[PDB]
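# Chain and residue survey
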Amino acid sequence: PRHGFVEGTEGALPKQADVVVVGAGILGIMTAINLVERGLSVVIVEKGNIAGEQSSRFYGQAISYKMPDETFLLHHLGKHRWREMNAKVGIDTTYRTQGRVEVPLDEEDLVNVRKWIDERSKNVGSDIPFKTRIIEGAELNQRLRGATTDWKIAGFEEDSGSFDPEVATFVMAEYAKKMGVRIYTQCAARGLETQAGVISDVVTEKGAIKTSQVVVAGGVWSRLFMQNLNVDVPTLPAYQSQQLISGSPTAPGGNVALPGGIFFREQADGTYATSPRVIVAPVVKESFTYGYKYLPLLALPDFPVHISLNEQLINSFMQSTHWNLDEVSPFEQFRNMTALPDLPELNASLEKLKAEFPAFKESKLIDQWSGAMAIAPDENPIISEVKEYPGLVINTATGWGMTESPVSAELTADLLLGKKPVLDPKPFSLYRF
Ligand SMILES: Cc1cc2nc3c(=O)[nH]c(=O)nc-3n(C[C@H](O)[C@H](O)[C@H](O)COP(=O)(O)OP(=O)(O)OC[C@H]3O[C@@H](n4cnc5c(N)ncnc54)[C@H](O)[C@@H]3O)c2cc1C
Ligand SMILES: CCCCCCCCCCCCCCCC[N+](C)(C)C
Ligand SMILES: CCCCCCCCCCCCCCCC[N+](C)(C)C
Ligand SMILES: CCCCCCCCCCCCCCCC[N+](C)(C)C
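Residues numbered from 1 in each chain as written, not as in the entry; some residues may be left out. Chains lettered and ligands numbered in written order. Heavy atoms only, no water. Residues with missing side-chain atoms left out of burial classes, pairs and counts.

### Focus on the packing of aromatic side chains
In this structure the tally under the stated criterion is 17 aromatic pairs. Clustering of aromatic rings is evident, with ring pairs tying together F58, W82, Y95 and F163. The positively charged end of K387 is found above the aromatic ring belonging to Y431, 5.4 Å away from the centroid. (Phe/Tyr/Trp six-rings, centres within 6.5 Å; stacked < 30°, edge-to-face > 60°. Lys NZ or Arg CZ within 6 Å of the ring centre and 35° of its normal.)

Encoded structure:
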């Protein structure tokens, strides 16, 4: 049709659940799956529709490229587990092993790229083979078919993944449901009841579910959920426009990242996803409190963050920091995000793409949207225990949640159940700030 939809679990809201997941995005869905495999019966509550936010509004690349030591193995294994996903689910998630070329900006960028590849080749940290190398000549020109500029050198992540926003998370939701995961849609989680340390209930607009174990995977809303429970989660909003164009017989295929803001990725159906580099950070109330911690990100001149003043500031001041569980929460008050794509920005970006790859000159515009992130000061995920509430774990605050989800899921479940974590959880801890 155009977008793809998964229907929620029908009937009455259950009295009891072994574990309740807040949010039916990728992180919530994958964590649910991981828990079921361990033998737990899970219930996901979702304020809107399944994968209505970030998890159907992403660019679509699963890459380990330029990733720091903190997140590399989370991405490296994410790629590996996504390669087994189609076989595991038995339905096409649209995950493809695609390949990605990034032409560096400066000679200095080329040295930084070379060093990063060389450092990671000598010490991989996994028995999964590392498949990223610098490419020149014929190998590069085959990857850039019908390019105007004579590009000489690029970093080639051969095993870079591709997933499509209109399909990926939705298939994973249906697979979750087939495992016995119950997902209740249009059903916002306001907060939780706690008695003598142990969680007793999760309170929703449809009623209360008795549980002692909670997974918070509310995407951009995770901070606001933990605010009402008096736990500080440091995230700031970020926005990026995305667009989707039709295919071409003379189109180059694969994933391409070029100087001059040229970024495109071929989908499973032959259509092309493209976007500008520019990330828009709107001014919120939180900007005045801990926005100073985000200043070293504005340091890089290759960094594309614009500070913007819009309606988010006004919305921020009129979102409550505290609410009673028997009254209307901001998750109901601001249920559906209404953020629009920057249409002049997307147009200029597309015109640059058409100038570099004239194969796209005849391509028709399929879809244009805005995508909202929430990012921590060091740009790394929050996958953590919550000291203040035993049995509560949080899986959120990531710009790479699709790639990271199969490993994030296991790591979240490990923290919840007291098992030794898959990877070092210290860089993903809530208390690192
Ligand atoms: C423009 C853009 C491009 C991106 N490109 C890429 C990419 O190329 N590669 C990549 O790996 N990643 C990419 N990402 C990131 C990826 O989309 C996210 O990191 C991932 O979807 C995070 O999943 P999530 O479940 O935490 O958040 P979401 O998918 O937003 O899920 C959170 C859900 O929780 C629900 N919720 C919140 N509060 C409550 C409540 N109180 N009660 C009930 N439900 C609640 C929300 O309605 C929402 O559906 C991109 C993101 C954006 C915005
Ligand atoms: C320069 C320092 C001024 C201190 C005031 C800080 C508090 C903010 C007061 C509200 C200002 C209104 C901003 C409205 C922006 C929304 N729109 C862009 C959509 C109009
Ligand atoms: C001359 C410039 C005046 C600009 C002032 C406009 C500010 C209006 C913004 C709305 C303020 C939010 C309302 C507070 C209620 C929310 N809380 C209950 C959470 C405090
Ligand atoms: C002075 C106030 C500073 C506030 C700036 C806040 C910065 C917002 C953080 C955005 C940077 C994260 C970039 C990740 C984007 C990656 N993806 C495009 C893949 C999602």
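### What about the UniProt feature "binding site: FAD" (unreviewed entry) in the protein?
Following the UniProt record, the feature "binding site: FAD" (unreviewed entry) maps to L27, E46, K47, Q54, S55, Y59, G60, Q61, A189, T398, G401 and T403 here. Look at the named residues: they lie 377 residues apart in sequence, and the longest C-alpha span between them is 30.6 Å, so in the fold they stay spread out. When you line up the elements, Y59 lands in the loop between β2 (42-45) and β3 (61-62). Residue contacts for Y59: discarding those within four places in its chain leaves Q242, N255, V256, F263, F264, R265, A273, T274 and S275. A polar contact is formed between the side chain of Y59 and the backbone nitrogen of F264, at a distance of 3.2 Å. (UniProt positions renumbered as here; feature names shortened; annotations may be inferred. Helix = DSSP H or I, 4+ residues; strand = E, 2+ residues; numbered from the N terminus. Contact = heavy atoms within 4.5 Å. Polar contact = N/O pair within 3.5 Å; in protein donor to acceptor, adjacent residues only side chain to side chain.)

### Brief notes about the site of ligand 1
Contacts to ligand 1 come from 36 residues, most closely from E46, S55, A189, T398 and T403. Measuring from an oxygen atom of ligand 1, one finds a backbone N or O atom of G401 at 2.8 Å. Coverage of ligand 1 by the protein amounts to 98% of the 1,000 Å² it exposes when considered alone. Residue assignment for the shell around ligand 1 shows that the elements contributing at least two residues are α1 (26-37), β14 (236-245), β20 (365-375) and α12 (401-417). Per-class residue counts for the shell around ligand 1 are 17 nonpolar, 15 polar and four charged. Here the shell around ligand 1 spans two domains, since at least three of its residues come from each of domain 1 (1-96 + 160-234 + 377-433) and domain 2 (97-159 + 235-376). (Near = heavy atom within 4 Å. Areas by Shrake-Rupley, 256 points an atom, 1.4 Å probe, with all protein chains shown as cover. Nonpolar A, V, L, I, M, F, W, Y, C, P; charged D, E, K, R; others polar. Domains from an automatic or database assignment.)

### Observations concerning the environment of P304
Relative to the helices and strands, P304 resides in the loop between α8 (287-290) and β19 (305-308). Separated by 25 residues in sequence, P304 and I279 place their C-alpha atoms 5.7 Å apart. Setting aside its immediate chain neighbours within four residues, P304 contacts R277, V278 and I279.

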